[PDB]
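Chemist: Structure file upload-v9.txt, compact mmCIF, C-alpha atoms, is pasted below:
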```txt
# COMPACT_ATOMS: atom_id res chain seq x y z
CA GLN A 1136 91.49 246.88 -39.21
CA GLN A 1137 90.96 250.40 -40.57
CA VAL A 1138 92.04 252.13 -37.37
CA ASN A 1139 94.82 249.56 -36.96
CA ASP A 1140 96.21 250.32 -40.40
CA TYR A 1141 95.96 254.05 -39.74
CA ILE A 1142 97.86 253.67 -36.48
CA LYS A 1143 100.53 251.42 -37.96
CA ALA A 1144 101.00 254.05 -40.66
CA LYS A 1145 101.24 257.03 -38.30
CA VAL A 1146 103.19 255.56 -35.39
CA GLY A 1147 106.82 255.89 -36.48
CA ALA A 1148 105.61 254.87 -39.95
CA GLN A 1149 105.94 251.17 -39.20
CA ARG A 1150 104.73 250.28 -42.71
CA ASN A 1151 106.86 250.85 -45.84
CA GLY A 1152 110.03 251.16 -43.76
CA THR A 1153 111.51 252.54 -40.52
CA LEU A 1154 110.83 249.40 -38.49
CA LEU A 1155 112.94 246.74 -36.78
CA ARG A 1156 111.24 243.52 -37.95
CA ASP A 1157 110.60 242.49 -41.56
CA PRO A 1158 106.96 241.27 -41.82
CA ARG A 1159 107.31 240.66 -45.55
CA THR A 1160 107.17 237.04 -46.82
CA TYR A 1161 108.44 235.55 -43.59
CA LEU A 1162 106.03 232.59 -43.79
CA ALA A 1163 107.30 231.73 -40.31
CA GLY A 1164 110.69 231.17 -41.89
CA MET A 1165 113.29 233.52 -40.43
CA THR A 1166 113.93 236.83 -38.67
CA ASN A 1167 115.88 239.58 -40.40
CA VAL A 1168 117.08 243.16 -40.08
CA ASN A 1169 115.56 246.12 -41.90
CA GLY A 1170 116.80 249.51 -43.00
CA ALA A 1171 120.14 251.00 -42.01
CA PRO A 1172 121.72 251.84 -45.37
CA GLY A 1173 124.63 253.61 -43.72
CA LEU A 1174 125.11 254.58 -40.07
CA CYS A 1175 127.60 257.25 -39.00
CA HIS A 1176 127.41 257.01 -35.20
CA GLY A 1177 127.61 253.39 -34.08
CA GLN A 1178 125.65 250.36 -32.96
CA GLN A 1179 122.16 251.74 -32.37
CA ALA A 1180 121.24 251.59 -28.70
CA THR A 1181 117.71 250.36 -27.99
CA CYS A 1182 115.88 252.93 -25.87
CA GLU A 1183 112.97 251.48 -23.90
CA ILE A 1184 110.25 253.39 -22.07
CA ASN B 495 76.87 276.26 -69.46
CA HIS B 496 74.31 278.19 -67.38
CA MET B 497 74.84 281.43 -65.47
CA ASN B 498 72.85 280.90 -62.29
CA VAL B 499 74.90 279.92 -59.24
CA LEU B 500 71.85 278.47 -57.48
CA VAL B 501 71.99 275.13 -59.24
CA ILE B 502 75.80 275.08 -59.03
CA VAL B 503 75.84 275.33 -55.24
CA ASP B 504 72.80 273.06 -54.90
CA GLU B 505 74.05 270.30 -57.21
CA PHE B 506 77.44 270.41 -55.50
CA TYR B 507 76.18 270.30 -51.90
CA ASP B 508 73.10 268.19 -52.66
CA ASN B 509 74.50 264.72 -51.93
CA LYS B 510 78.12 265.09 -50.85
CA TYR B 511 79.28 261.88 -49.17
CA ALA B 512 83.08 261.98 -49.40
CA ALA B 513 85.02 265.20 -48.80
CA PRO B 514 88.63 264.98 -50.04
CA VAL B 515 91.29 267.50 -49.08
CA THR B 516 93.89 269.22 -51.25
CA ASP B 517 97.54 268.62 -50.43
CA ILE B 518 98.62 272.19 -49.69
CA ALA B 519 95.76 272.18 -47.22
CA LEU B 520 97.47 269.21 -45.58
CA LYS B 521 100.95 270.73 -45.45
CA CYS B 522 99.75 273.78 -43.55
CA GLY B 523 98.26 271.39 -41.00
CA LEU B 524 101.59 270.09 -39.73
CA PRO B 525 104.21 272.03 -37.75
CA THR B 526 107.81 271.98 -38.91
CA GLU B 527 109.23 269.44 -36.49
CA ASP B 528 106.36 267.09 -37.29
CA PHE B 529 106.56 267.94 -40.98
CA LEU B 530 110.16 266.81 -41.37
CA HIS B 531 109.67 263.52 -39.52
CA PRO B 532 109.86 260.54 -41.90
CA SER B 533 106.35 259.41 -41.14
CA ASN B 534 105.25 262.27 -43.41
CA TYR B 535 107.07 261.51 -46.63
CA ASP B 536 104.10 261.84 -48.96
CA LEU B 537 104.30 265.61 -48.57
CA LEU B 538 108.10 265.77 -48.60
CA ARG B 539 108.10 264.08 -52.00
CA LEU B 540 106.40 267.22 -53.33
CA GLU B 541 108.32 270.11 -51.77
CA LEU B 542 111.25 270.12 -54.15
CA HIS B 543 111.33 273.83 -54.97
CA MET C 1 67.69 273.60 -64.92
CA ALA C 2 67.49 277.00 -63.22
CA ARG C 3 65.33 276.67 -60.10
CA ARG C 4 64.42 279.96 -58.46
CA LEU C 5 63.96 280.64 -54.78
CA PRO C 6 60.50 280.47 -53.18
CA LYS C 7 58.33 283.55 -53.32
CA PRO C 8 57.97 285.44 -50.03
CA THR C 9 54.82 285.65 -47.97
CA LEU C 10 52.54 288.31 -49.45
CA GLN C 11 48.90 289.19 -48.91
CA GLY C 12 47.11 287.90 -51.98
CA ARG C 13 44.90 290.01 -54.26
CA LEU C 14 45.71 293.49 -52.99
CA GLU C 15 44.03 294.91 -56.10
CA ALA C 16 40.66 293.92 -54.64
CA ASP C 17 41.49 295.91 -51.51
CA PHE C 18 42.36 299.35 -52.90
CA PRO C 19 40.01 300.81 -55.53
CA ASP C 20 40.20 304.17 -57.31
CA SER C 21 43.95 304.26 -56.76
CA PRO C 22 45.20 306.28 -59.74
CA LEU C 23 47.36 303.45 -61.11
CA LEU C 24 44.33 301.17 -61.65
CA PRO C 25 43.37 302.81 -65.00
CA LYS C 26 46.71 301.68 -66.43
CA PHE C 27 46.67 298.42 -64.47
CA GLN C 28 43.42 297.40 -66.16
CA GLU C 29 45.21 297.37 -69.52
CA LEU C 30 47.02 294.09 -68.79
CA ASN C 31 45.30 290.98 -70.13
CA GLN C 32 45.26 287.52 -68.56
CA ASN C 33 43.51 285.94 -71.51
CA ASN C 34 45.99 283.17 -72.36
CA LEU C 35 47.74 282.28 -69.12
CA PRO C 36 46.59 280.11 -66.21
CA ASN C 37 45.40 281.95 -63.15
CA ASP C 38 48.24 281.64 -60.64
CA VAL C 39 50.75 282.69 -63.29
CA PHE C 40 48.38 285.58 -63.95
CA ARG C 41 48.33 286.62 -60.29
CA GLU C 42 52.11 286.32 -60.04
CA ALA C 43 52.79 288.37 -63.17
CA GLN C 44 50.18 290.96 -62.17
CA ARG C 45 51.81 291.29 -58.75
CA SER C 46 55.06 291.95 -60.61
CA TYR C 47 53.38 294.47 -62.90
CA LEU C 48 51.83 296.25 -59.92
CA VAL C 49 55.24 296.49 -58.25
CA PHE C 50 56.55 297.94 -61.50
CA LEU C 51 53.79 300.53 -61.84
CA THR C 52 54.11 301.67 -58.23
CA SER C 53 57.87 301.95 -58.67
CA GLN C 54 57.42 304.15 -61.74
CA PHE C 55 54.99 306.37 -59.84
CA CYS C 56 57.33 306.61 -56.85
CA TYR C 57 60.30 307.56 -59.03
CA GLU C 58 58.25 310.25 -60.78
CA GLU C 59 56.96 311.57 -57.45
CA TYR C 60 60.52 311.74 -56.12
CA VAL C 61 61.67 313.59 -59.24
CA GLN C 62 58.87 316.07 -58.62
CA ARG C 63 60.07 316.19 -55.01
CA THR C 64 63.69 316.84 -56.00
CA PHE C 65 63.91 320.57 -56.67
CA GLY C 66 63.14 322.78 -53.71
CA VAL C 67 62.93 326.32 -52.31
CA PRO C 68 61.38 327.86 -55.45
CA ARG C 69 62.05 331.53 -56.09
CA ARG C 70 58.68 332.50 -57.55
CA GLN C 71 56.51 330.76 -54.96
CA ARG C 72 58.34 332.29 -51.98
CA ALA C 73 58.54 335.66 -53.73
CA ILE C 74 54.76 335.71 -54.12
CA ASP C 75 53.77 334.13 -50.78
CA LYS C 76 55.71 336.48 -48.51
CA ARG C 77 54.95 339.60 -50.55
CA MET D 1 54.42 254.51 -5.76
CA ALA D 2 52.86 257.94 -6.20
CA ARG D 3 53.78 259.43 -2.81
CA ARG D 4 53.36 262.81 -4.46
CA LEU D 5 54.11 266.32 -3.31
CA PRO D 6 51.52 267.95 -1.04
CA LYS D 7 49.06 270.05 -3.00
CA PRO D 8 49.53 273.84 -3.20
CA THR D 9 47.53 276.00 -0.83
CA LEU D 10 44.44 277.08 -2.76
CA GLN D 11 40.98 278.50 -2.13
CA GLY D 12 38.03 276.15 -1.94
CA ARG D 13 34.91 276.33 -4.10
CA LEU D 14 36.20 278.73 -6.73
CA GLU D 15 33.43 277.61 -9.08
CA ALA D 16 30.70 279.11 -6.88
CA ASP D 17 32.71 282.08 -5.57
CA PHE D 18 32.36 283.49 -9.07
CA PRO D 19 28.80 283.64 -10.47
CA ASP D 20 29.24 282.55 -14.08
CA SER D 21 31.62 281.94 -16.97
CA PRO D 22 31.13 280.22 -20.35
CA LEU D 23 33.47 277.43 -19.23
CA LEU D 24 30.72 276.30 -16.85
CA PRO D 25 28.53 274.58 -19.52
CA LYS D 26 31.27 272.13 -20.50
CA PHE D 27 32.25 272.11 -16.82
CA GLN D 28 28.93 270.74 -15.55
CA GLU D 29 29.29 267.55 -17.63
CA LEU D 30 31.34 266.09 -14.79
CA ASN D 31 29.32 264.39 -12.06
CA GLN D 32 30.23 262.59 -8.85
CA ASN D 33 28.95 259.01 -8.75
CA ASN D 34 31.29 256.61 -6.96
CA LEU D 35 34.09 258.64 -5.36
CA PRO D 36 33.83 260.61 -2.10
CA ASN D 37 33.33 264.36 -2.00
CA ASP D 38 36.97 265.40 -1.46
CA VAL D 39 38.53 263.38 -4.28
CA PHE D 40 35.82 264.61 -6.63
CA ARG D 41 36.53 268.19 -5.58
CA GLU D 42 40.21 267.69 -6.41
CA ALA D 43 39.42 266.21 -9.83
CA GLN D 44 36.93 269.01 -10.52
CA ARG D 45 39.58 271.58 -9.60
CA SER D 46 41.92 269.99 -12.13
CA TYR D 47 39.20 269.97 -14.79
CA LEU D 48 38.43 273.65 -14.26
CA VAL D 49 42.19 274.13 -14.63
CA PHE D 50 42.06 272.33 -17.96
CA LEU D 51 39.14 274.44 -19.17
CA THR D 52 40.87 277.69 -18.22
CA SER D 53 44.02 276.64 -20.07
CA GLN D 54 41.94 275.59 -23.08
CA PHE D 55 40.41 279.04 -23.29
CA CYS D 56 43.77 280.73 -22.75
CA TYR D 57 45.39 278.97 -25.70
CA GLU D 58 42.29 279.36 -27.86
CA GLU D 59 42.57 283.09 -27.14
CA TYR D 60 46.25 283.21 -28.01
CA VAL D 61 45.43 281.61 -31.37
CA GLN D 62 42.93 284.39 -32.09
CA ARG D 63 45.46 287.02 -31.07
CA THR D 64 48.08 285.62 -33.44
CA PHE D 65 45.61 285.94 -36.32
CA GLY D 66 43.30 288.82 -35.42
CA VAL D 67 44.40 291.68 -37.65
CA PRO D 68 41.78 292.16 -40.41
CA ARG D 69 44.44 293.85 -42.55
CA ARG D 70 41.43 294.39 -44.82
CA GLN D 71 39.55 296.43 -42.22
CA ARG D 72 42.51 298.83 -42.06
CA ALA D 73 42.23 299.83 -45.71
CA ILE D 74 38.43 299.55 -45.79
CA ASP D 75 37.53 301.22 -42.50
CA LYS D 76 40.02 304.03 -43.01
CA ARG D 77 38.65 306.55 -45.50
```
Can you present the structure in this file as structure tokens?

Modeler:
Amino acid sequence: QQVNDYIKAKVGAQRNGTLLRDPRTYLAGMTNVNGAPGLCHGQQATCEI
Amino acid sequence: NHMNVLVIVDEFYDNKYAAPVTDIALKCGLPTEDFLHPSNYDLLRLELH
Amino acid sequence: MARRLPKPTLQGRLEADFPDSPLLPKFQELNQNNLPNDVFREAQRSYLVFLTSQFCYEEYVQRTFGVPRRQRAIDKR
Amino acid sequence: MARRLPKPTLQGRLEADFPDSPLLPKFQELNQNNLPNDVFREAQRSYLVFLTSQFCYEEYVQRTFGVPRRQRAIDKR
């Protein structure tokens, strides 16, 4: 868990923001969006690798 | 209270388990393009001037 | 609590080795009476270093001035 | 599964080729009772080896500590 938390923190800073899913208090309830206060280009295209 | 540096160095390096790092030592670690990325916000919060 | 470095390797009781060395008359003046014996040997090693250093400084001061006028004026005449 | 290396080419009966050496007293304690002559000769060669090495290291120990620093100051005038 220590190395997992370190990774999750470093990789794109998944924790505390800048992530697509919302792990907080889901309790298997729903799926929601995160972030995006204001966008000035358009619908964000998902780039896969 | 005492003058002699012998006991100062000894009692500091005698049993040193954890070695923490100052922050300005951390900032100089990162290059600019990595520094500005918003996975390093803990430093950006303290570069106001 | 100030803790000094270890003392270096030194050949113990050099005073027993060299007799009639001209410092020994003065060296004999020191007195162990009160102290334990290893403290006595340590302090007397220090005192011997001190006495030899005094003698060496005085010998160098005597060695300082050179090429005396009177001695050369008499020897070559 | 020994299957060792062949022994190095060496001269036979070194013990007798030289008349005497103080290793020989300890050396004569070995005796051949059960084994044939050749195997005993090999073991005896190895034991003479051990004795020579013993004396070599015992000599090096003396040489490390063989400077009567006291005989320098005493024996010199």

Chemist: Per residue of chain B within 10 Å of chain A, record the nearest atom pair and its distance in Å to one decimal, counting all atoms listed in the file, with rows in chain order and ascending residue number, as JSON lines.

Modeler:
```
{"residue": "B:531", "atom": "CA", "partner": "A:1147", "partner_atom": "CA", "distance": 8.7}
{"residue": "B:532", "atom": "CA", "partner": "A:1148", "partner_atom": "CA", "distance": 7.3}
{"residue": "B:533", "atom": "CA", "partner": "A:1148", "partner_atom": "CA", "distance": 4.8}
{"residue": "B:534", "atom": "CA", "partner": "A:1148", "partner_atom": "CA", "distance": 8.2}
{"residue": "B:535", "atom": "CA", "partner": "A:1148", "partner_atom": "CA", "distance": 9.5}
```

Chemist: With chain D fixed, least-squares superpose chain C over all its C-alpha atoms paired in order and give the RMSD in Å.

Modeler: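 It is 1.2 Å.
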
Chemist: Kindly give the distance, in Å, that separates atom CA of residue A:1155 and atom CA of residue A:1169, rounded to a single decimal.

Modeler: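 About the pair atom CA of residue A:1155 and atom CA of residue A:1169: they are 5.8 Å apart.
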
Chemist: I need the chain D residues near chain C as an MDAnalysis selection string; criterion: at most 9 Å, counting all atoms listed in the file.

Modeler: chainID D and resid 70 73:74

Chemist: Could you work out how far atom CA of residue D:38 lies from atom CA of residue D:54, giving the answer in Å with one decimal?

Modeler: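 Between atom CA of residue D:54 and atom CA of residue D:38 the gap works out to 24.4 Å.
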
Chemist: Would you mind listing what lies within 8 Å of stretch 20-24 of chain C as a list in words, with only C-alpha atoms counted and same-chain residues fewer than 3 positions away left out?

Modeler: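 Surrounding residues, per the criterion: residues 27, 28, 51 and 52 of chain C.
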
Chemist: Based on the selection just made, write C-alpha atoms of those residues as a PDB file, in the frame of the given file.

Modeler:
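result_31.pdb, freshly written:
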```pdb
ATOM      1  CA  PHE C  27      46.670 298.420 -64.470  1.00  0.00           C
ATOM      2  CA  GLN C  28      43.420 297.400 -66.160  1.00  0.00           C
ATOM      3  CA  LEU C  51      53.790 300.530 -61.840  1.00  0.00           C
ATOM      4  CA  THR C  52      54.110 301.670 -58.230  1.00  0.00           C
TER       5      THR C  52
END
```
